[PDB]
Amino acid sequence: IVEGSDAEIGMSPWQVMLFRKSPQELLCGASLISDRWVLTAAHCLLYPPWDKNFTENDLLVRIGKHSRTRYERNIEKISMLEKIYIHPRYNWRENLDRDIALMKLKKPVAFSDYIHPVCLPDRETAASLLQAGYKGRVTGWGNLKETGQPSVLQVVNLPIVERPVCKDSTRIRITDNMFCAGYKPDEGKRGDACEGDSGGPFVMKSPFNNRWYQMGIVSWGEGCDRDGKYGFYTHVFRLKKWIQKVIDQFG
Amino acid sequence: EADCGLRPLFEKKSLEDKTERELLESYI
DNA sequence: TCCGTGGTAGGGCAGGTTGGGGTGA
DNA sequence: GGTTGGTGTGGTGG
Ligand SMILES: *C[C@@](*)(O)[C@H](CCCNC(N)=[NH2+])NC(=O)[C@@H]1CCCN1C(=O)[C@H](N)Cc1ccccc1
Ligand code: NA
Ligand code: NA
Ligand code: NA
């Protein structure tokens with residue numbers, strides 16, 4: 001996260017850390033949606049242009065954390081993965097279209113002050129909140145500049161951007177399965193996600209019921225926090241049926 | 001889906017984090 | 001009105017965990 | 001102590 005700030009304790013209790021067992025390295029973010037299911041970005045797991053293809057036994061997830069590195073005794077929870085599901089239409093070459101994955105935990109996790117699931121958006125929530133200008137919130141332990149990392153979890157709030165602006169901002173082919181978010185050069189304020197923040201949730205607070213909903217997954221970008229450039233996120237409401245089916249089919 | 005979206009240390013105590021208002025004020 | 005027949009990729013033209021519908025271009 | 005213990009400087013920092 002570039003030009004963000006330290007997170008308050010319990011501020012993003014659905015934040016999840018995708019870790020690799022060996023070598024012990026932090027790969028990405030993810031998010032808690034049930035006591036057994038975590039949602040991350042597909043490219044965190046599978047990215048053939050770098051021969052990345054992680055099995056269920058390659059990885060762990062760490063839930064309830066605040067420190068990036070330090071073991072948070074009696075606070076965090078480490079879980080092994082039962083099964084990984086990648087979106088059948090995920091395009092790792094062209095543009096990370098449908099850059100989404102779901103990971104079933106081997107055993108359900110106990111919620112707490114620091115561990116608690118985020119809601120997925122319905123049609124009404126999505127209609128209502130997915131508008132250019134509205135701000136959401138991105139969290140992660142990814143890098144602070146683009147070429148170090150944070151001591152603890154970082155947060156930033158950034159506005160959703162009009163599609164034509166997002167389209168003009170990159171050379172890359174953009175799908176309606178993704179949105180972009182970030183400040184413009186003339187908005188004064190700054191901020192973006194960066195490498196390592198992938199799979200982390202872009203979230204919005206519903207004025208209708210006070211609940212937080214996950215509208216996006218950190219997918220990609222070009223540099224980090226460059227003027228004229230915006231972070232691209234997986235459009236979660238568009239893929240919610242897949243999310244439903246898989247859960248209901250394999251819970 | 002039942003308990004979802006409601007942070008134990010914020011919504012369940014009626015406390016706001018420092019900048020969630022920033023988001024809510026952005027809606028228009 | 002278009003948004004499947006390979007593509008990220010098998011087998012097949014329908015649907016699956018996938019071709020729906022959305023600030024849709 | 002802390003977001004969390006104690007034959008308390010590591011097991012995970014200070
Ligand atoms: C895997 C994630 O950590 C990471 C998120 C980067 C977000 N950056 C900003 N500024 N919000 N994603 C990536 O690094 C992706 C995956 C592989 C390459 N990549 C990029 O962002 C490229 N710079 C752009 C890109 C390349 C190929 C296909 C799509 C996008
Ligand atoms: Na930017
Ligand atoms: Na197909
Ligand atoms: Na200690």
# chains A, B, ... in the order shown; residues from 1 in each chain; ligands from 1
call {"tool": "residues_around", "arguments": {"residues": "residue D:3", "least_positions_apart": "6", "cutoff": "10 Å", "atoms": "only C-alpha atoms (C1' of nucleotides)", "output": "count of residues only"}}
result
14
call {"tool": "select_by_dssp", "arguments": {"residues": "stretch 65-184 of chain A", "states": "strand (DSSP E)", "output": "PyMOL selection string"}}
result
chain A and resi 77-86+101-105+135-140+154-159+178-181
call {"tool": "write_last_selection", "arguments": {"atoms": "N, CA, C and O atoms", "output": "tab-separated table (two decimals), in the first residue's frame"}}
result
chain	number	residue	atom	x	y	z
A	77	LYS	N	-4.50	-16.76	13.87
A	77	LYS	CA	-4.77	-18.16	13.58
A	77	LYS	C	-4.17	-18.59	12.23
A	77	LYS	O	-4.42	-17.95	11.20
A	78	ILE	N	-3.39	-19.67	12.28
A	78	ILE	CA	-2.77	-20.27	11.10
A	78	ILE	C	-3.59	-21.47	10.68
A	78	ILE	O	-3.70	-22.39	11.49
A	79	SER	N	-4.11	-21.48	9.43
A	79	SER	CA	-4.83	-22.65	8.85
A	79	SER	C	-4.29	-23.26	7.56
A	79	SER	O	-3.80	-22.58	6.65
A	80	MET	N	-4.40	-24.58	7.49
A	80	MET	CA	-3.93	-25.36	6.32
A	80	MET	C	-5.11	-25.35	5.36
A	80	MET	O	-6.27	-25.19	5.80
A	81	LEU	N	-4.83	-25.48	4.06
A	81	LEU	CA	-5.86	-25.40	3.00
A	81	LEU	C	-6.36	-26.77	2.57
A	81	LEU	O	-5.56	-27.64	2.32
A	82	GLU	N	-7.67	-26.96	2.51
A	82	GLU	CA	-8.31	-28.22	2.04
A	82	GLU	C	-8.27	-28.35	0.53
A	82	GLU	O	-7.94	-29.38	-0.07
A	83	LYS	N	-8.68	-27.26	-0.11
A	83	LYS	CA	-8.84	-27.26	-1.54
A	83	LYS	C	-8.78	-25.85	-2.12
A	83	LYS	O	-9.31	-24.93	-1.52
A	84	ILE	N	-8.18	-25.69	-3.28
A	84	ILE	CA	-8.19	-24.43	-4.06
A	84	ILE	C	-9.10	-24.52	-5.26
A	84	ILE	O	-9.02	-25.44	-6.03
A	85	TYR	N	-9.93	-23.51	-5.47
A	85	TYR	CA	-10.79	-23.37	-6.67
A	85	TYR	C	-10.46	-22.07	-7.44
A	85	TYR	O	-10.68	-20.97	-6.94
A	86	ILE	N	-9.92	-22.21	-8.65
A	86	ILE	CA	-9.72	-21.07	-9.53
A	86	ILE	C	-10.83	-20.95	-10.57
A	86	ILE	O	-11.37	-21.93	-11.09
A	101	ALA	N	-9.77	-16.45	-6.89
A	101	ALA	CA	-9.73	-17.81	-6.37
A	101	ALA	C	-10.41	-17.89	-5.01
A	101	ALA	O	-10.52	-16.92	-4.32
A	102	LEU	N	-10.89	-19.08	-4.67
A	102	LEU	CA	-11.45	-19.44	-3.36
A	102	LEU	C	-10.64	-20.60	-2.75
A	102	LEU	O	-10.22	-21.53	-3.42
A	103	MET	N	-10.40	-20.54	-1.48
A	103	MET	CA	-9.59	-21.55	-0.83
A	103	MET	C	-10.40	-22.04	0.36
A	103	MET	O	-10.78	-21.26	1.23
A	104	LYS	N	-10.67	-23.34	0.34
A	104	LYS	CA	-11.31	-24.00	1.45
A	104	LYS	C	-10.27	-24.35	2.49
A	104	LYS	O	-9.25	-25.00	2.18
A	105	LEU	N	-10.52	-23.95	3.75
A	105	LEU	CA	-9.65	-24.32	4.90
A	105	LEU	C	-9.91	-25.73	5.35
A	105	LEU	O	-11.04	-26.16	5.32
A	135	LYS	N	-15.79	6.22	-2.38
A	135	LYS	CA	-14.59	5.66	-1.85
A	135	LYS	C	-14.84	4.35	-1.16
A	135	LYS	O	-15.84	4.14	-0.45
A	136	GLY	N	-13.88	3.47	-1.37
A	136	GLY	CA	-13.77	2.22	-0.63
A	136	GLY	C	-12.41	2.18	0.03
A	136	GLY	O	-11.66	3.18	-0.01
A	137	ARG	N	-12.08	1.02	0.59
A	137	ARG	CA	-10.92	0.84	1.43
A	137	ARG	C	-10.14	-0.44	1.12
A	137	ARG	O	-10.69	-1.52	1.12
A	138	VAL	N	-8.83	-0.28	0.92
A	138	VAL	CA	-7.93	-1.35	0.58
A	138	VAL	C	-6.88	-1.52	1.69
A	138	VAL	O	-6.36	-0.53	2.28
A	139	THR	N	-6.56	-2.77	1.98
A	139	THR	CA	-5.69	-3.08	3.07
A	139	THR	C	-4.65	-4.06	2.61
A	139	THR	O	-4.91	-4.89	1.75
A	140	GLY	N	-3.45	-4.00	3.17
A	140	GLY	CA	-2.48	-5.04	2.88
A	140	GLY	C	-1.15	-4.81	3.50
A	140	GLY	O	-0.90	-3.76	4.09
A	154	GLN	N	-1.36	-2.15	6.48
A	154	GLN	CA	-1.63	-0.79	5.94
A	154	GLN	C	-3.07	-0.71	5.36
A	154	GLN	O	-3.60	-1.67	4.76
A	155	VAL	N	-3.62	0.48	5.52
A	155	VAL	CA	-4.92	0.79	5.01
A	155	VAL	C	-4.79	2.11	4.21
A	155	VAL	O	-3.98	3.04	4.53
A	156	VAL	N	-5.65	2.15	3.20
A	156	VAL	CA	-5.88	3.37	2.45
A	156	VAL	C	-7.30	3.46	1.88
A	156	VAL	O	-7.84	2.44	1.50
A	157	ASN	N	-7.89	4.65	1.80
A	157	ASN	CA	-9.21	4.81	1.22
A	157	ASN	C	-9.08	5.55	-0.11
A	157	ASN	O	-8.47	6.62	-0.20
A	158	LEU	N	-9.71	5.01	-1.15
A	158	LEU	CA	-9.52	5.48	-2.49
A	158	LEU	C	-10.84	5.46	-3.27
A	158	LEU	O	-11.69	4.58	-3.07
A	159	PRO	N	-11.03	6.42	-4.20
A	159	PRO	CA	-12.30	6.43	-4.88
A	159	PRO	C	-12.34	5.54	-6.16
A	159	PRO	O	-11.35	5.35	-6.90
A	178	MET	N	-13.62	-6.22	-14.08
A	178	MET	CA	-12.69	-5.51	-13.27
A	178	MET	C	-13.06	-4.03	-13.20
A	178	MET	O	-13.65	-3.51	-14.10
A	179	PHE	N	-12.78	-3.39	-12.06
A	179	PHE	CA	-12.86	-1.93	-11.94
A	179	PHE	C	-11.54	-1.29	-11.52
A	179	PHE	O	-10.65	-1.98	-11.09
A	180	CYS	N	-11.38	0.01	-11.67
A	180	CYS	CA	-10.17	0.68	-11.18
A	180	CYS	C	-10.50	1.77	-10.15
A	180	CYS	O	-11.61	2.31	-10.10
A	181	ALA	N	-9.52	2.10	-9.33
A	181	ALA	CA	-9.75	2.98	-8.14
A	181	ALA	C	-8.43	3.60	-7.77
A	181	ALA	O	-7.38	2.99	-7.95
call {"tool": "residues_near_ligand", "arguments": {"ligand": "ligand 3", "cutoff": "10 Å", "atoms": "only C-alpha atoms (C1' of nucleotides) and all ligand atoms", "output": "JSON list (two decimals) with C-alpha atoms (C1' of nucleotides), in the first residue's frame"}}
result
[["chain", "number", "residue", "atom", "x", "y", "z"],
["A", 88, "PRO", "CA", -12.49, -21.36, -14.99],
["A", 89, "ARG", "CA", -12.33, -18.22, -17.13],
["C", 4, "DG", "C1'", -18.39, -19.41, -26.91],
["C", 5, "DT", "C1'", -16.61, -23.39, -29.42],
["C", 6, "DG", "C1'", -11.19, -21.38, -28.23],
["C", 7, "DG", "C1'", -9.79, -19.25, -24.77],
["C", 9, "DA", "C1'", -7.94, -24.77, -21.50],
["C", 10, "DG", "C1'", -11.17, -30.54, -22.52],
["C", 11, "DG", "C1'", -14.06, -31.53, -25.35],
["C", 12, "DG", "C1'", -17.19, -30.63, -27.77],
["C", 13, "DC", "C1'", -21.82, -26.63, -29.54],
["C", 14, "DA", "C1'", -24.00, -27.08, -23.61],
["C", 15, "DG", "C1'", -22.45, -26.75, -19.58],
["C", 16, "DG", "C1'", -19.62, -27.32, -16.08],
["C", 18, "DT", "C1'", -17.49, -21.31, -17.23],
["C", 19, "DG", "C1'", -20.82, -17.82, -22.21]]
call {"tool": "closest_atom_pairs", "arguments": {"of": "chain B", "to": "chain A", "cutoff": "8 Å", "atoms": "only C-alpha atoms", "output": "tab-separated table"}}
result
residue	atom	partner	partner_atom	distance
B:1	CA	A:119	CA	6.4
B:3	CA	A:117	CA	7.9
B:4	CA	A:119	CA	5.1
B:5	CA	A:211	CA	4.4
B:6	CA	A:211	CA	5.5
B:7	CA	A:116	CA	6.9
B:8	CA	A:113	CA	5.2
B:9	CA	A:10	CA	5.9
B:10	CA	A:11	CA	7.4
B:11	CA	A:210	CA	7.6
B:17	CA	A:11	CA	7.1
B:20	CA	A:205	CA	7.7
B:22	CA	A:135	CA	7.9
B:23	CA	A:135	CA	5.0
B:24	CA	A:207	CA	7.1
B:26	CA	A:134	CA	5.3
B:27	CA	A:134	CA	5.1
B:28	CA	A:134	CA	7.4
call {"tool": "write_last_selection", "arguments": {"atoms": "C-alpha atoms", "output": "compact mmCIF listing (two decimals), in the first residue's frame"}}
result
# COMPACT_ATOMS: atom_id res chain seq x y z
CA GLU B 1 -23.58 -14.45 6.09
CA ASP B 3 -22.97 -11.99 11.57
CA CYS B 4 -21.04 -10.63 8.58
CA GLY B 5 -19.66 -7.16 8.05
CA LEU B 6 -19.89 -6.03 11.69
CA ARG B 7 -16.54 -5.53 13.32
CA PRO B 8 -16.41 -6.64 16.97
CA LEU B 9 -14.19 -3.66 17.91
CA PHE B 10 -16.14 -1.05 15.95
CA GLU B 11 -19.73 -1.64 15.02
CA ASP B 17 -12.59 4.11 13.09
CA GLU B 20 -14.74 5.46 7.70
CA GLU B 22 -14.29 9.75 4.90
CA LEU B 23 -15.84 7.00 2.81
CA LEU B 24 -19.39 7.76 3.81
CA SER B 26 -17.65 10.46 -0.40
CA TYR B 27 -21.03 8.99 -1.35
CA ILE B 28 -23.08 11.41 -3.55
call {"tool": "residues_near_ligand", "arguments": {"ligand": "ligand 2", "cutoff": "8 Å", "atoms": "only C-alpha atoms (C1' of nucleotides) and all ligand atoms", "output": "list in words"}}
result
residues 181, 182, 183, 184, 185, 190, 191, 192, 224, 225, 226, 227, 228, 229, 230 and 231 of chain A
call {"tool": "write_last_selection", "arguments": {"atoms": "C-alpha atoms", "output": "compact mmCIF listing (two decimals), in the first residue's frame"}}
result
# COMPACT_ATOMS: atom_id res chain seq x y z
CA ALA A 181 -9.75 2.98 -8.14
CA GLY A 182 -7.30 5.66 -7.09
CA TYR A 183 -6.94 9.40 -7.07
CA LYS A 184 -6.39 11.43 -10.20
CA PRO A 185 -3.43 13.79 -10.55
CA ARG A 190 -2.63 10.25 -3.20
CA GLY A 191 -2.66 6.50 -2.57
CA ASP A 192 -2.61 3.02 -4.17
CA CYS A 224 2.48 1.90 -7.72
CA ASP A 225 0.76 5.18 -6.99
CA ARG A 226 1.86 6.86 -10.30
CA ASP A 227 -0.11 9.91 -11.45
CA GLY A 228 -2.52 8.86 -14.24
CA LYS A 229 -2.32 5.27 -13.21
CA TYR A 230 -4.94 3.45 -11.05
CA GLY A 231 -5.11 0.17 -9.19
call {"tool": "residues_near_ligand", "arguments": {"ligand": "ligand 1", "cutoff": "6 Å", "atoms": "only C-alpha atoms (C1' of nucleotides) and all ligand atoms", "output": "PyMOL selection string"}}
result
chain A and resi 28+43-44+94-96+192-198+219-225+231
call {"tool": "closest_atom_pairs", "arguments": {"of": "chain D", "to": "ligand 4", "cutoff": "8 Å", "atoms": "only C-alpha atoms (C1' of nucleotides) and all ligand atoms", "output": "Markdown table"}}
result
| residue | atom | partner | partner_atom_place_in_ligand_line | distance |
| --- | --- | --- | --- | --- |
| D:5 | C1' | ligand 4 | 1 (Na) | 7.7 |
| D:8 | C1' | ligand 4 | 1 (Na) | 7.6 |
| D:12 | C1' | ligand 4 | 1 (Na) | 7.5 |
call {"tool": "select_by_dssp", "arguments": {"residues": "stretch 2-213 of chain A", "states": "helix (DSSP H, G or I)", "output": "PDB file with N, CA, C and O atoms, in the first residue's frame"}}
result
ATOM      1  N   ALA A  42      -6.409 -14.934  -8.117  1.00  0.00           N
ATOM      2  CA  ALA A  42      -5.911 -16.146  -8.755  1.00  0.00           C
ATOM      3  C   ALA A  42      -4.428 -16.069  -9.038  1.00  0.00           C
ATOM      4  O   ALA A  42      -3.712 -17.046  -8.844  1.00  0.00           O
ATOM      5  N   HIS A  43      -3.944 -14.919  -9.448  1.00  0.00           N
ATOM      6  CA  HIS A  43      -2.549 -14.824  -9.815  1.00  0.00           C
ATOM      7  C   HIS A  43      -1.611 -15.037  -8.629  1.00  0.00           C
ATOM      8  O   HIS A  43      -0.403 -15.323  -8.836  1.00  0.00           O
ATOM      9  N   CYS A  44      -2.146 -14.917  -7.414  1.00  0.00           N
ATOM     10  CA  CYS A  44      -1.386 -15.278  -6.226  1.00  0.00           C
ATOM     11  C   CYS A  44      -0.985 -16.743  -6.197  1.00  0.00           C
ATOM     12  O   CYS A  44       0.051 -17.116  -5.675  1.00  0.00           O
ATOM     13  N   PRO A  48       1.422 -18.614 -14.819  1.00  0.00           N
ATOM     14  CA  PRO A  48       2.306 -19.310 -15.722  1.00  0.00           C
ATOM     15  C   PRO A  48       3.413 -18.507 -16.368  1.00  0.00           C
ATOM     16  O   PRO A  48       4.411 -19.086 -16.679  1.00  0.00           O
ATOM     17  N   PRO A  49       3.252 -17.205 -16.588  1.00  0.00           N
ATOM     18  CA  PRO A  49       4.386 -16.493 -17.159  1.00  0.00           C
ATOM     19  C   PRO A  49       5.584 -16.465 -16.238  1.00  0.00           C
ATOM     20  O   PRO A  49       6.650 -16.137 -16.694  1.00  0.00           O
ATOM     21  N   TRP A  50       5.377 -16.744 -14.950  1.00  0.00           N
ATOM     22  CA  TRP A  50       6.464 -16.955 -13.992  1.00  0.00           C
ATOM     23  C   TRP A  50       6.495 -18.355 -13.433  1.00  0.00           C
ATOM     24  O   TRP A  50       7.119 -18.597 -12.406  1.00  0.00           O
ATOM     25  N   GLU A  56      -2.429 -26.855  -2.914  1.00  0.00           N
ATOM     26  CA  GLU A  56      -2.994 -26.785  -1.534  1.00  0.00           C
ATOM     27  C   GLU A  56      -1.968 -27.013  -0.401  1.00  0.00           C
ATOM     28  O   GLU A  56      -2.024 -26.359   0.625  1.00  0.00           O
ATOM     29  N   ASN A  57      -1.029 -27.940  -0.577  1.00  0.00           N
ATOM     30  CA  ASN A  57       0.050 -28.158   0.409  1.00  0.00           C
ATOM     31  C   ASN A  57       1.252 -27.269   0.352  1.00  0.00           C
ATOM     32  O   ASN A  57       2.154 -27.426   1.146  1.00  0.00           O
ATOM     33  N   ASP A  58       1.271 -26.325  -0.585  1.00  0.00           N
ATOM     34  CA  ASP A  58       2.326 -25.366  -0.645  1.00  0.00           C
ATOM     35  C   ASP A  58       2.062 -24.247   0.323  1.00  0.00           C
ATOM     36  O   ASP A  58       2.992 -23.614   0.708  1.00  0.00           O
ATOM     37  N   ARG A 123     -27.164  -7.608  -5.258  1.00  0.00           N
ATOM     38  CA  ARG A 123     -27.411  -6.714  -6.354  1.00  0.00           C
ATOM     39  C   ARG A 123     -27.608  -5.268  -5.912  1.00  0.00           C
ATOM     40  O   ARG A 123     -27.088  -4.373  -6.545  1.00  0.00           O
ATOM     41  N   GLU A 124     -28.362  -5.056  -4.847  1.00  0.00           N
ATOM     42  CA  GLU A 124     -28.779  -3.742  -4.431  1.00  0.00           C
ATOM     43  C   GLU A 124     -27.595  -2.956  -3.913  1.00  0.00           C
ATOM     44  O   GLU A 124     -27.397  -1.779  -4.263  1.00  0.00           O
ATOM     45  N   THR A 125     -26.795  -3.610  -3.092  1.00  0.00           N
ATOM     46  CA  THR A 125     -25.562  -3.048  -2.516  1.00  0.00           C
ATOM     47  C   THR A 125     -24.653  -2.592  -3.637  1.00  0.00           C
ATOM     48  O   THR A 125     -24.180  -1.468  -3.650  1.00  0.00           O
ATOM     49  N   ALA A 126     -24.423  -3.496  -4.571  1.00  0.00           N
ATOM     50  CA  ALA A 126     -23.559  -3.260  -5.711  1.00  0.00           C
ATOM     51  C   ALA A 126     -23.996  -2.098  -6.629  1.00  0.00           C
ATOM     52  O   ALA A 126     -23.170  -1.307  -7.104  1.00  0.00           O
ATOM     53  N   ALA A 127     -25.293  -2.045  -6.911  1.00  0.00           N
ATOM     54  CA  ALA A 127     -25.872  -1.032  -7.756  1.00  0.00           C
ATOM     55  C   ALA A 127     -25.548   0.245  -7.087  1.00  0.00           C
ATOM     56  O   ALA A 127     -25.037   1.188  -7.690  1.00  0.00           O
ATOM     57  N   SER A 128     -25.932   0.297  -5.814  1.00  0.00           N
ATOM     58  CA  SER A 128     -25.833   1.463  -4.933  1.00  0.00           C
ATOM     59  C   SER A 128     -24.427   2.039  -4.743  1.00  0.00           C
ATOM     60  O   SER A 128     -24.267   3.252  -4.732  1.00  0.00           O
ATOM     61  N   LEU A 129     -23.427   1.176  -4.576  1.00  0.00           N
ATOM     62  CA  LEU A 129     -22.081   1.592  -4.190  1.00  0.00           C
ATOM     63  C   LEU A 129     -21.068   1.696  -5.320  1.00  0.00           C
ATOM     64  O   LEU A 129     -20.091   2.440  -5.165  1.00  0.00           O
ATOM     65  N   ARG A 163     -15.216   4.425 -15.859  1.00  0.00           N
ATOM     66  CA  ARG A 163     -14.643   3.426 -16.713  1.00  0.00           C
ATOM     67  C   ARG A 163     -13.856   3.984 -17.881  1.00  0.00           C
ATOM     68  O   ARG A 163     -12.832   3.404 -18.280  1.00  0.00           O
ATOM     69  N   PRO A 164     -14.349   5.085 -18.469  1.00  0.00           N
ATOM     70  CA  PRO A 164     -13.540   5.606 -19.570  1.00  0.00           C
ATOM     71  C   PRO A 164     -12.147   6.057 -19.142  1.00  0.00           C
ATOM     72  O   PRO A 164     -11.188   5.867 -19.866  1.00  0.00           O
ATOM     73  N   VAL A 165     -12.038   6.609 -17.945  1.00  0.00           N
ATOM     74  CA  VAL A 165     -10.740   7.017 -17.403  1.00  0.00           C
ATOM     75  C   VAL A 165      -9.808   5.810 -17.210  1.00  0.00           C
ATOM     76  O   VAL A 165      -8.620   5.865 -17.586  1.00  0.00           O
ATOM     77  N   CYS A 166     -10.339   4.764 -16.581  1.00  0.00           N
ATOM     78  CA  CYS A 166      -9.632   3.484 -16.398  1.00  0.00           C
ATOM     79  C   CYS A 166      -9.196   2.900 -17.711  1.00  0.00           C
ATOM     80  O   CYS A 166      -8.116   2.364 -17.825  1.00  0.00           O
ATOM     81  N   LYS A 167     -10.077   2.937 -18.703  1.00  0.00           N
ATOM     82  CA  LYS A 167      -9.785   2.423 -20.056  1.00  0.00           C
ATOM     83  C   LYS A 167      -8.630   3.167 -20.732  1.00  0.00           C
ATOM     84  O   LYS A 167      -7.686   2.536 -21.117  1.00  0.00           O
ATOM     85  N   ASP A 168      -8.708   4.493 -20.813  1.00  0.00           N
ATOM     86  CA  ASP A 168      -7.601   5.370 -21.263  1.00  0.00           C
ATOM     87  C   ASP A 168      -6.258   5.287 -20.457  1.00  0.00           C
ATOM     88  O   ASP A 168      -5.193   5.622 -20.969  1.00  0.00           O
ATOM     89  N   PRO A 185      -4.462  12.810 -10.811  1.00  0.00           N
ATOM     90  CA  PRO A 185      -3.428  13.786 -10.550  1.00  0.00           C
ATOM     91  C   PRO A 185      -3.879  15.180 -10.027  1.00  0.00           C
ATOM     92  O   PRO A 185      -3.189  15.848  -9.268  1.00  0.00           O
ATOM     93  N   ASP A 186      -5.040  15.618 -10.489  1.00  0.00           N
ATOM     94  CA  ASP A 186      -5.615  16.876 -10.065  1.00  0.00           C
ATOM     95  C   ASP A 186      -6.496  16.782  -8.792  1.00  0.00           C
ATOM     96  O   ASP A 186      -7.074  17.767  -8.394  1.00  0.00           O
ATOM     97  N   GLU A 187      -6.595  15.617  -8.165  1.00  0.00           N
ATOM     98  CA  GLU A 187      -7.375  15.489  -6.915  1.00  0.00           C
ATOM     99  C   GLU A 187      -6.548  15.839  -5.672  1.00  0.00           C
ATOM    100  O   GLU A 187      -7.081  15.960  -4.602  1.00  0.00           O
TER     101      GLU A 187
END
call {"tool": "closest_residue", "arguments": {"among": "A:141, A:19, A:232, A:250", "to": "chain C", "atoms": "only C-alpha atoms (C1' of nucleotides)"}}
result
A:250
call {"tool": "interface_residues", "arguments": {"of": "chain C", "to": "chain A", "cutoff": "6 Å", "atoms": "only C-alpha atoms (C1' of nucleotides)", "output": "CSV table (one decimal) with N, CA and C atoms (P, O5', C5', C4', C3', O3' and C1' of nucleotides), in the first residue's frame"}}
result
chain,number,residue,atom,x,y,z
C,8,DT,P,-5.9,-16.7,-24.2
C,8,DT,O5',-5.9,-17.5,-22.8
C,8,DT,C5',-4.7,-17.6,-22.1
C,8,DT,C4',-4.7,-18.7,-21.0
C,8,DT,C3',-5.3,-20.0,-21.5
C,8,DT,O3',-4.2,-20.7,-22.0
C,8,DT,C1',-6.3,-19.4,-19.5
C,17,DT,P,-19.7,-28.5,-11.6
C,17,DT,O5',-19.3,-27.0,-11.3
C,17,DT,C5',-20.0,-26.1,-10.4
C,17,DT,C4',-19.2,-24.8,-10.4
C,17,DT,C3',-19.0,-24.2,-11.7
C,17,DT,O3',-19.3,-22.8,-11.7
C,17,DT,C1',-16.9,-24.4,-10.5
C,18,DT,P,-19.9,-22.1,-13.1
C,18,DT,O5',-18.6,-21.9,-13.9
C,18,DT,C5',-18.0,-20.6,-14.0
C,18,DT,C4',-18.0,-20.0,-15.4
C,18,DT,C3',-19.3,-20.2,-16.2
C,18,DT,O3',-19.4,-19.2,-17.1
C,18,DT,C1',-17.5,-21.3,-17.2
C,23,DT,P,-21.4,-2.3,-13.6
C,23,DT,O5',-21.8,-0.9,-14.1
C,23,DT,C5',-23.0,-0.6,-14.9
C,23,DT,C4',-23.2,0.9,-15.1
C,23,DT,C3',-22.4,1.6,-16.2
C,23,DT,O3',-23.2,2.0,-17.4
C,23,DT,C1',-22.1,2.7,-14.1
call {"tool": "closest_residue", "arguments": {"among": "A:62, A:52, A:70, A:21", "to": "chain D", "atoms": "only C-alpha atoms (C1' of nucleotides)"}}
result
A:70
call {"tool": "atom_distance", "arguments": {"atom1": "atom CA of residue A:40", "atom2": "atom CA of residue A:203"}}
result
13.6 Å
